[PDB]
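K.L.:
Dropping a structure here in structure tokens format, bear with me for questions.
Residue numbers (my numbering), protein chains in the order written: chain B, 78 to 342; chain H, 78 to 342; chain Y, 78 to 342.
Below is the structure:
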């Protein structure tokens, strides 16, 4: 067995298939970051750091010796525990199709939110700079009126053009901004369609982020490094409940500072 | 023979084909529910209940015995009798093509209305909770002005987005609401087209329901269980008329409470 | 895995084989009901109810609609927990052949007693009418003197003959009555042999029932429906003991009211 200790969990095979399906579905729906960044293959469990290729000056060991430390970025392992009713698990073999997988959905939504907020806003404790912090283009303010959203977005499209950047540009919106441009309409279309006319990429719902992000998806600018992708593991169990977790280990690198514009309220 | 006792009816083969065609046509046109819910294969005549996979605590038979009743949902058999003129039946072999099949059409419309109102509004006596009652998302009020319909509908699309739900969303309208958004026009399109722009599913005419329903058609959320599909059976006959019936047996299950928004006036 | 969670139990393979053998043996010895009634194949875990084929009038949904609920009988799941010493379990691999399987035997005897008392005396909470309650033939009183038992039994054989019934008749006795007709002797035979001369079926020891039952075993009159047959499942464990259970899910149907005579004290 492995670190998931999956065979020790009192979960049947059919219940496991339903839990895997629910977690994978809810996660994909709430991920916006993997649609725009380069996603590496999983390094594996032993992978601990990503080389940046830079060098750090250290106090010379002896006379005439020049020493340099190799710089690297550590992976962070992110774990979201959740708790399942054993009655709901037992219902699945009897043929129930409405078993309560709400904790699985909440854990997948929380893991997806962490991953997206780590990619776009950073996680300083894990030495990850967000796309918002690593952007060299000027930051823009989103207006109160949703009918004035496409104007400011177009100004962001000016800045990537002034930065000398090609590629399909894509706009990612926070859930508040996505709702505002979805529910306001002008001439038989919502403002989301007006945003769709400005770019050759995609208007992407990004419920974890704040504000908005416009960026190129030409490739090679944004890199998500995975040691291991999302997995479900077993912690402990009692007569009534099974404690499990969702787990993934990653770091994020931004190679190109001028490939994005961040917007705030 | 079977319970339809079809060979006992004084109905010719050509008249039977015309009656089957008329009933099937009028039924499909008036069904909205089967276009959005999962429809099972017919279980057969012996099928009487659907297992929910839950358990009900009962008074222990003896000391040290723990007993539980299996929960289930009963099927309901729905029968709509109708009466045909025997002269109209006899006209068909002579080559008439305008035989009065109005009772067949009224029976098919009434059966379709019952089935749709059972799916969406429930039938408490048959222990069926409607989609409106089983929805956990908040209910919305439809405005008087049809030009303000697409706004409220978009708010419903917000709620399924706040519920964490994917899939093609579909809007079902009552006949009053469908007529109102069909006959009012803005900038060369009726408001029905404005509703069509908001979703990737379908604006569906639902003449049996009240208000409106917005819901996902991703699958696995709404399940119509059929023991036997719609069939035409023979009751009795006299010199002038043949009494027949339309009959179907079903139950409806909603597995996912947050997959729909109900709207009312 | 399944709902038994059998691989989670700290029970070795040899100990499992001994427990299965002990439970199966003790159960068969104490079952009288399956020897006389028709026993269906196991429906499976999803099976929840048995269709009776009857209809229940319900308040018409709308005008001109006639509705009927399908009648059914729910299965009941019967669980008898028991507790095993882990030292006795560990003794089996070392080669012990006298490991204390008394709790297994007591659980099998209790499960068998419940099943037989459910078949013959009913379980109202599970909507099961016993053979004694569903019999339309008159009830008889068993006499105090065991030498007068065969007389009354013969009167019961008159009643099935007056009911117009064929087939091998079988007599089932309570443990008190079986002991009384076993230990009293007349002319070199016990009274049990005198009972054996009256029927072409079998004198059957039935320790769970009260009184006596005479009935035909021609087939098709008494039906035991099993969703799942007797199985051993794992609940929980500590350093000293393993909690397990015996479990079976069933209902009982009596189709023929005049196929039996019940006797009481």
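Beta carbons: idealized from backbone N, C-alpha and C, even for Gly.
In angstroms with no decimal places, state the Cα-to-Cα distance between residue 321/H and residue 145/Y.
P.N.:
Per the coordinates, the alpha-carbon of residue 321/H lies some 17 angstroms from the alpha-carbon of residue 145/Y.
K.L.:
Could you pull out every residue in the same chain whose Cβ sits closer than 7 angstroms to the Cβ of residue 186/B, ignoring the five residues on either side in sequence?
P.N.:
103, 107
K.L.:
At which residues does the alpha helix (DSSP H) containing residue 271/B begin and terminate?
P.N.:
268 to 275
K.L.:
Applying the 10 Å Cβ sphere with the 16-neighbour rule, what's the burial state of residue 97/Y?
P.N.:
exposed
K.L.:
Any C-beta of chain Y sitting closer than 8 angstroms to the C-beta of residue 124/H?
P.N.:
yes
K.L.:
Considering just the uninterrupted stretch of the beta strand (DSSP E) at residue 246/H, what are its terminal residues?
P.N.:
246 to 250
K.L.:
Quick one: any contact between the stretch 160 to 173 of chain H and the stretch 138 to 153 of chain Y, if contact means 3 or more CB pairs under 8 angstroms?
P.N.:
no
K.L.:
If distances are taken between C-alpha atoms only, which option among 118/H, 124/H, 158/H comes closest to residue 319/H?
P.N.:
158/H
K.L.:
In this structure, how does DSSP classify residue 167/H when only helix, strand and coil are distinguished?
P.N.:
helix
K.L.:
Run through DSSP, which three-state label would residue 103/H get?
P.N.:
In the structure shown, residue 103/H adopts helical secondary structure according to DSSP, grouped into three states.
K.L.:
Which of helix, strand or coil does DSSP assign to residue 253/H?
P.N.:
helix
K.L.:
Quick one: residues in its chain with C-beta nearer than 8 angstroms to the C-beta of residue 325/B, no 5 flanking neighbours on either side, listed in chain order?
P.N.:
154, 155, 188, 192, 303, 305, 306, 307, 308
K.L.:
Within 10 angstroms of the Cβ of residue 264/B, are there 16 or more other Cβ atoms? Answer buried if so, exposed if not.
P.N.:
exposed
K.L.:
Residues in its own chain within less than 7 angstroms of residue 209/H by CB, not counting five upstream and five downstream?
P.N.:
197, 198, 339
K.L.:
The beta strand (DSSP E) that contains residue 150/B, what's its start and end?
P.N.:
In the DSSP annotation of this structure, the continuous segment of the beta strand (DSSP E) that includes residue 150/B starts and ends at 145 to 151.
K.L.:
Compare the C-beta of residue 271/H with all C-beta atoms of chain B and state if any pair is closer than 8 angstroms.
P.N.:
yes
K.L.:
Using three-state DSSP, classify residue 286/Y as helix, strand or coil.
P.N.:
Under the three-state reduction of DSSP output, residue 286/Y falls in the coil class, being neither helix nor strand.
K.L.:
Should residue 82/Y and residue 87/B be called a contact, given that it needs their Cβ atoms to be closer than 8 angstroms?
P.N.:
yes
K.L.:
With a cut-off of 8 angstroms, does the C-beta of residue 141/Y fall near any C-beta of chain H?
P.N.:
yes
K.L.:
Distance check for residue 295/B and residue 211/B, CA to CA, integer angstroms please.
P.N.:
Cα to Cα, residue 211/B sits roughly 18 angstroms from residue 295/B.
K.L.:
Chain H partners of residue 110/B, CB-CB under 7 angstroms?
P.N.:
Per Cβ cutoff of 7 angstroms: no residues; residue 110/B is ~17 angstroms from chain H at best.
K.L.:
Mind checking which residues open and close the beta strand (DSSP E) that includes residue 127/B?
P.N.:
126 to 134
K.L.:
Whole-angstrom Cβ separation of residue 335/H and residue 242/H, contact assumed at under 8 angstroms?
P.N.:
7 angstroms
K.L.:
Please name the residue in 202/H, 137/H, 200/H, 234/H whose C-alpha comes closest to that of residue 276/H.
P.N.:
234/H
K.L.:
Note down, in chain order, each residue of its chain lying with its Cβ closer than 6 angstroms to the Cβ of residue 216/H, except the 5 sequence neighbours on either side.
P.N.:
339
K.L.:
If residue 91/Y and residue 128/H are in contact, beta carbons under 8 angstroms, what's the gap, nearest whole angstrom?
P.N.:
Not confirmed; about 37 angstroms, so no contact.
K.L.:
I need the DSSP call for residue 156/B, collapsed to helix, strand or coil.
P.N.:
Here residue 156/B sits in strand by DSSP.
K.L.:
Report the rounded CA-to-CA distance for residue 152/Y versus residue 121/H, giving the unit in angstroms.
P.N.:
In a straight line, the C-alpha of residue 152/Y is about 20 angstroms away from that of residue 121/H.
K.L.:
Can you tell me which of 342/Y, 99/Y, 117/Y puts its alpha carbon nearest to the alpha carbon of residue 174/Y?
P.N.:
99/Y
K.L.:
How many angstroms separate the CA atom of residue 300/B from the CA atom of residue 258/H?
P.N.:
48 angstroms
K.L.:
Please determine, among 327/H, 123/H, 149/H, the residue with the shortest C-alpha to C-alpha distance to residue 111/H.
P.N.:
327/H
K.L.:
Report the rounded CA-to-CA distance for residue 114/Y versus residue 132/Y, giving the unit in angstroms.
P.N.:
26 angstroms
K.L.:
From the DSSP output, read off the bridge partner residues of residue 308/H.
P.N.:
324/H
K.L.:
Among the candidates 105/H, 201/H, 311/H, 109/H, whose CA atom is the shortest distance from the CA of residue 150/H?
P.N.:
201/H
K.L.:
Under a three-way DSSP split, which group does residue 195/Y fall into?
P.N.:
helix
K.L.:
DSSP beta-bridge partners for residue 337/H?
P.N.:
292/H
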